[PDB]
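Okay, so here's the structure we're looking at.
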Amino acid sequence: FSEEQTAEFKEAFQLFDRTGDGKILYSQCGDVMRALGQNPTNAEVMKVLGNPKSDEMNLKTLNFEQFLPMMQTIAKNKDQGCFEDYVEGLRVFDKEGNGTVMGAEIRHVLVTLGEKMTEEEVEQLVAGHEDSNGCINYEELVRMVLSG
Amino acid sequence: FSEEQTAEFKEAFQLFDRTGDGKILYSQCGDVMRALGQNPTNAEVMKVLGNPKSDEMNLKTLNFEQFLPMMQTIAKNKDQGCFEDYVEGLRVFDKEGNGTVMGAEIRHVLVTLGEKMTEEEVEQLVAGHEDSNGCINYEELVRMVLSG
Amino acid sequence: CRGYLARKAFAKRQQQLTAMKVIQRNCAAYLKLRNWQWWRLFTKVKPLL
Amino acid sequence: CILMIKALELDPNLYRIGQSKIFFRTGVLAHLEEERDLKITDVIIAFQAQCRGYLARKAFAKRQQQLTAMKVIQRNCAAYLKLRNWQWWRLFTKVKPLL
Amino acid sequence: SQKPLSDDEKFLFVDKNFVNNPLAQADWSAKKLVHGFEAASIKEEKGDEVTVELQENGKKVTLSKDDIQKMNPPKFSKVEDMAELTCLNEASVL
Amino acid sequence: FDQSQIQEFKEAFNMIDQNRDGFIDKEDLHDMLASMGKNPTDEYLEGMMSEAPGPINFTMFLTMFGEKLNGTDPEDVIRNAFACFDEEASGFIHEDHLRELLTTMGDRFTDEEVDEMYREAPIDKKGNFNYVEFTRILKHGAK
Amino acid sequence: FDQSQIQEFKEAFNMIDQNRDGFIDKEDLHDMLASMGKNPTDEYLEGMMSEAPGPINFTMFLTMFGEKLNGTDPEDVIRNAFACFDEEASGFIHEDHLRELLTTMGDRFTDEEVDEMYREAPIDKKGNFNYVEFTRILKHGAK
């Protein structure tokens, strides 16, 4: 992964810095490599970093020299699942395939499938992307979470 | 150190001068050094005086000029009691395991065990802290008398 | 969503960083001038300022 | 247990950090018993002697406090010889009658 | 069995020997306490050429380490479980 | 230095002295601080005046009063970051809030500073440190 | 003002009298200072009471001793500075070099202050003196 957006990577790297030493927490540099044009789960957000433990994740910060390995290991995702597979799979998931999924059931399979997101995570996902119906439209939902 | 306490040394010295001549018995002069903020055991009370024979404890009385070396080695006793040694020796004296030590049990393990002095001494250990079952709050007891 | 929400939370994380960055410096410098030496002998000449 | 093991400066190999007990084979069991017993003696007697002095401390007398008090009297006499003579006893006065 | 109220169990209620002092190494010779063997203190160890201070005999004798095995601290003598000994030699088990 | 501070030090020179010539003398400070309160030992006033070579001269006592009043970041940024640091919604940053900040942020600061600003300032005695007026005290506001 | 000085003034005033009523009553400390030392006359405390608005009350002598010990800072940093002036670390301090360095620093110093210092400094025939007692004396010590 090219060494020219190393500048952008250092930028956003220091963007979610807290120690303030050119060295950024691994969960923090992970949300960094997220908002660098990627969409990784906090799980892979951590694992891409040479697998830092939760201590290393938020205590041993990342020296930017090893953030160049991290930008490599995050640039594998760069985004998440296909939106046609999104729609067909959340249609077949939804018990009818109508076009939306219960905010109940969508927040469910967002906290009951894959990495169990914080319900604030599946909400800032779902809320802010809700249709006020309770069957939160995963189409609008997934897509504005995809762009945002 | 200074004269404000060197005259205190003189006065607390002639305090245990049952002869009132400025020269104080070795047991009584280590008792003086007790009286001077420290607290030597009669054992160390003497021990600071060149390990005096039992008569040198009493007949070779100590003048104030010879009271400065002995008082220095009274302060160098450091047998004022360590609070971890306090709590641990009282903790094996806390054979009841109450964070406290029985008054009768302490007087047993204090004047009928280990180093010796006046029975009243280990009384006013347990006395002034006597409580239920004589359960002298060994931590409270020992921090207070340490400050005391 | 997790990628979405770190993009969403960049806006709070960098501002938290900068805010605490200025906060620590100013609070510490205030406590510094509070432990300054010329504030207990100078504080009686200050009534003559 | 592992803490008091490193405080024993050991680790369980003939004894065992297990799940409910440090199981002891023959060996380290009674050796550690002996170490425990020795240190029990040590700390008991250490507190006992420090407690004899300690109890003289709790025991001093109230002559202690009256002697400290007469020393404070000497201090205050020296203090009145200190400040009431030179002009540092009249350099905050003669104005508060109008302050 | 275990009844201190009845000697009838004290022929089984185990009178595990002891020193009645909080020290545990003053009964077994740190050198070697010593087929009723002869609890002792090695005074001159030259192999088995061990003049144990035969404290059960009072004899600074070059004695067999057959007798001079780990006769564990008599605090572990006459114990319920021989395993309570430091090393279960019949110098102490016996 | 600060122009407002320079004119306030000029005002100082003109209130301590009734014969303004660009120099302050010992008798003026002595008598006036003996009037408002009472001057402490003249040694302390000599020490305050000896922070400048010989008798404190016009620009010289100006800069002397300057470096006696300053030496750390101004009141404005102090009170500003105090405001943006408040996690208590009281208007002033707490003694305990400044306390919990100084430990894990920047460098450590003893509570003796806190007790000193507490006992040596007319702040509100309720466990909250005000800085709208106290920072002006830090620039000669009331004390 | 500072806590240590005022609490020391309080303990001194409480130990000096026999019937404490928040006031310094002539007879009590009169008889005490006569018993241990020089016997004063009622003229001294008569002037002391004419040196205060009405009788000399609690806060009167409180702030009296307060600023009559103010101008002096916490002797912690002062003793830390007094120790490092030595070049061989013998443990004793000399005053003449300090006076020679201060007389060229800032303005010209006075002579009542050095008198106040000398009248309470134990000096031998070789200038032997220490700061363990000097900072104690500057803070209302025991000379």
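Ordering of the structure tokens sets the chain letters (A, B, ...), residue numbers begin anew at 1 in every chain, and ligands are numbered from 1 in the order given.
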What do you get for the Cα RMSD if chain F is superposed onto chain G using all Cα atoms in their order?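 With all C-alpha atoms paired in order, the RMSD is 2.9 Å.
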Both chains have the same sequence, so superpose chain A on chain B over all Cα atoms paired in order and return it as a compact mmCIF listing (two decimals) with C-alpha atoms, in the first residue's frame.
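That gives us out32.txt:
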```
# COMPACT_ATOMS: atom_id res chain seq x y z
CA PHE A 1 22.51 13.17 65.34
CA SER A 2 22.51 16.94 65.37
CA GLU A 3 23.82 19.01 68.27
CA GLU A 4 20.86 21.37 68.45
CA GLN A 5 18.33 19.10 70.14
CA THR A 6 21.15 18.52 72.59
CA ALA A 7 19.08 21.09 74.50
CA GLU A 8 15.94 18.92 74.34
CA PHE A 9 18.06 15.89 75.16
CA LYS A 10 19.54 17.53 78.25
CA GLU A 11 16.04 18.69 79.18
CA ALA A 12 14.34 15.30 79.16
CA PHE A 13 17.60 13.82 80.43
CA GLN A 14 17.26 15.87 83.62
CA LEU A 15 13.51 15.14 83.44
CA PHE A 16 14.05 11.54 84.61
CA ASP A 17 16.93 12.51 86.89
CA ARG A 18 16.88 11.24 90.46
CA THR A 19 20.39 11.94 91.75
CA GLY A 20 19.85 15.60 90.86
CA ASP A 21 23.36 16.30 89.64
CA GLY A 22 23.07 16.79 85.87
CA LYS A 23 23.70 13.04 85.84
CA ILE A 24 20.91 10.58 85.08
CA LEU A 25 20.59 6.84 85.62
CA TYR A 26 21.06 4.82 82.46
CA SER A 27 17.66 3.13 82.57
CA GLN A 28 16.35 6.59 83.39
CA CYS A 29 18.19 8.40 80.61
CA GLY A 30 16.96 5.49 78.52
CA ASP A 31 13.30 6.10 79.24
CA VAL A 32 14.39 9.68 78.56
CA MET A 33 15.62 8.95 75.05
CA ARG A 34 12.38 7.00 74.74
CA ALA A 35 10.14 9.97 75.50
CA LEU A 36 12.35 12.21 73.34
CA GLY A 37 10.42 11.18 70.25
CA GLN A 38 11.46 7.52 70.27
CA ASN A 39 9.93 4.18 71.22
CA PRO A 40 12.74 1.87 72.41
CA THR A 41 12.32 -1.24 74.55
CA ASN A 42 13.94 -1.09 77.98
CA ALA A 43 16.41 -3.63 76.55
CA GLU A 44 17.70 -1.32 73.84
CA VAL A 45 16.99 1.58 76.21
CA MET A 46 19.86 0.15 78.24
CA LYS A 47 22.09 -1.21 75.48
CA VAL A 48 22.31 2.05 73.49
CA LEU A 49 24.23 3.57 76.41
CA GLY A 50 27.58 1.95 75.75
CA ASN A 51 26.01 -1.17 77.33
CA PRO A 52 25.78 -0.17 81.00
CA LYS A 53 25.31 -3.00 83.46
CA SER A 54 22.20 -2.92 85.63
CA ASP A 55 24.42 -1.33 88.27
CA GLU A 56 25.60 1.29 85.78
CA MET A 57 22.03 1.28 84.46
CA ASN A 58 20.60 2.63 87.71
CA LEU A 59 23.60 3.60 89.86
CA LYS A 60 26.27 5.15 87.65
CA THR A 61 24.25 8.01 86.25
CA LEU A 62 24.87 9.45 82.80
CA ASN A 63 26.97 12.50 82.41
CA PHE A 64 25.21 14.49 79.72
CA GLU A 65 28.48 14.60 77.77
CA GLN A 66 28.02 10.85 77.26
CA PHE A 67 24.28 11.35 76.79
CA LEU A 68 25.27 12.85 73.44
CA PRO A 69 26.54 9.38 72.50
CA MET A 70 23.29 8.02 73.93
CA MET A 71 21.09 10.33 71.90
CA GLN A 72 23.02 9.14 68.85
CA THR A 73 22.51 5.50 69.79
CA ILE A 74 18.79 5.92 70.53
CA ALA A 75 18.00 8.04 67.47
CA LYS A 76 18.53 4.83 65.48
CA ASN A 77 15.06 3.61 66.48
CA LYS A 78 13.09 6.87 66.85
CA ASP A 79 9.98 4.66 66.62
CA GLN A 80 8.98 1.01 66.31
CA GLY A 81 7.66 -1.40 63.70
CA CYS A 82 5.56 -0.64 60.63
CA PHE A 83 1.82 -0.48 61.28
CA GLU A 84 1.03 -2.23 58.01
CA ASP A 85 3.47 -4.93 59.05
CA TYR A 86 1.87 -4.60 62.48
CA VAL A 87 -1.59 -5.27 61.06
CA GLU A 88 -0.56 -7.99 58.63
CA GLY A 89 1.63 -9.73 61.21
CA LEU A 90 -0.95 -9.54 63.98
CA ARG A 91 -3.53 -10.74 61.47
CA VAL A 92 -1.44 -13.73 60.42
CA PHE A 93 -0.53 -14.14 64.10
CA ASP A 94 -4.17 -14.02 65.09
CA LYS A 95 -5.58 -17.39 64.17
CA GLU A 96 -8.10 -15.85 61.74
CA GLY A 97 -6.80 -12.44 60.69
CA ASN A 98 -9.99 -10.70 61.74
CA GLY A 99 -8.60 -7.35 62.88
CA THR A 100 -7.92 -7.85 66.59
CA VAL A 101 -5.97 -10.22 68.83
CA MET A 102 -7.05 -11.75 72.13
CA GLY A 103 -6.12 -9.53 75.05
CA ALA A 104 -5.18 -12.92 76.31
CA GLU A 105 -3.13 -13.68 73.21
CA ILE A 106 -2.01 -10.12 72.54
CA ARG A 107 -0.80 -9.56 76.09
CA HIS A 108 0.69 -13.02 75.57
CA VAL A 109 2.75 -12.24 72.47
CA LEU A 110 3.61 -8.96 74.18
CA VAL A 111 4.96 -10.89 77.19
CA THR A 112 5.82 -14.06 75.22
CA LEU A 113 7.52 -12.49 72.21
CA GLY A 114 10.52 -10.15 72.11
CA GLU A 115 11.45 -8.49 75.37
CA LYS A 116 9.13 -9.99 77.95
CA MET A 117 7.47 -6.80 79.15
CA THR A 118 6.17 -6.42 82.63
CA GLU A 119 2.51 -7.34 82.44
CA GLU A 120 1.83 -3.83 83.67
CA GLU A 121 3.78 -2.74 80.59
CA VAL A 122 1.76 -4.93 78.23
CA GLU A 123 -1.32 -3.76 80.13
CA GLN A 124 -0.85 0.01 80.10
CA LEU A 125 -0.15 -1.04 76.55
CA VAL A 126 -3.29 -3.16 76.22
CA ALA A 127 -5.43 -1.50 78.88
CA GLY A 128 -5.79 2.14 77.97
CA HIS A 129 -5.83 0.80 74.41
CA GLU A 130 -8.27 -2.08 74.94
CA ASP A 131 -11.53 -2.66 73.25
CA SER A 132 -13.64 -4.22 75.98
CA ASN A 133 -13.92 -7.53 74.12
CA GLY A 134 -11.02 -9.57 75.47
CA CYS A 135 -9.68 -9.81 71.91
CA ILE A 136 -7.86 -6.53 72.40
CA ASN A 137 -7.73 -4.67 69.11
CA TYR A 138 -4.02 -4.52 68.32
CA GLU A 139 -4.93 -1.97 65.68
CA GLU A 140 -6.16 0.64 68.17
CA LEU A 141 -3.80 -0.90 70.74
CA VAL A 142 -0.57 -0.70 68.74
CA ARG A 143 -1.48 2.65 67.22
CA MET A 144 -2.34 4.55 70.40
CA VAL A 145 0.74 3.02 71.97
CA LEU A 146 2.58 4.29 68.88
CA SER A 147 1.36 7.87 69.25
CA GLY A 148 1.33 7.83 73.05
```
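If you measure from each of G:120, G:133, G:115, G:43 to chain F using only C-alpha atoms, the closest one turns out to be G:115.
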Residues within 9 Å of residue 78 in chain D, only C-alpha atoms, excluding chain neighbours under 5 positions, as a PyMOL selection string: (chain D and resi 73) or (chain G and resi 141-143)
Which residue is closest to residue 46 in chain E? Choose from E:65, E:78, E:59, E:16 and count only C-alpha atoms.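 Smallest distance to residue 46 in chain E is found for E:65.
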